[PDB]
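Before any questions on how it binds or moves, here is one chain, the form deposited in one PDB entry, in structure tokens.
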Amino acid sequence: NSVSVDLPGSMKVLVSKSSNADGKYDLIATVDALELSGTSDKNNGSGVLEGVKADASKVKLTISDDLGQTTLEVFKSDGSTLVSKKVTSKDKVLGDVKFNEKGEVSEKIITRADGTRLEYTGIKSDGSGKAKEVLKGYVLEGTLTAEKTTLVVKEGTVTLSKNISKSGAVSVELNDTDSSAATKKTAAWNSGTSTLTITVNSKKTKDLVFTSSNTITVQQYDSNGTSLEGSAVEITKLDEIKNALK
């Protein structure tokens, strides 16, 4: 009869055990109680399934040839304009996209494999919008442009800016409007190690590491200002970032 196949995005598809006279396989899936069906020229569960919501919206599920990726799309009732698109890629990263009345991207939520998120909302036609990074224990807020995402933490006269470029490269900068040379913070960014080193009064005070695990760690320097001391501590809430900027 049929073979159950496990799919990215918490879905399953039933594929026929044998092909039809055209050599094609039948596909069946139920996604949140909606029944979808289709035919494929592959036997592994890949291909295209379609259905129609109670409100007449068209639904299409596209499963890539190697089963690595699923795309779940909802359209207006004539099938021409997108309403939403949900993509799980082979790295299990989720892209959840909303479109406006004219089919232009208006919201995009990215869920990384570790569960952290980039939330882009109010997206305009120039690709600008509001931005939020949702990390384990805290959230960073800022803006999106076509050039970069900029997330901002403020403490006293210090502004910390985490940039994520259009290509995904992270850089961090720090700016202090403090005028006194004794207490003002400055900072240097090391792209090779994703580390921001803070300096006060010509001595290094701490390293903030922005890790590949989507965490931030802080480590102090010795009173001299040259050697790191102790070991790095992972930030677990926004107040601890603010503390590192004091």
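Residue numbers here begin at 1 and follow the sequence given. For the two forms, the rigid core is made up of the largest set of C-alpha atoms that agree within 1.5 Å on superposition.
Omitted here: the form deposited in another entry. The next part is about that form.
Superposed on the core, the two forms barely differ at residue 56: its CA moves less than 2 Å between the shown form and the other one. Residue 206 is not among the residues whose C-alpha shifts by 2 Å or more between the shown form and the other one once the rigid core is aligned; its shift stays under 2 Å.
Taking 2 Å as the criterion, residue 10 counts as shifted between the shown form and the other one: its C-alpha moves by at least this amount when the rigid core is aligned.
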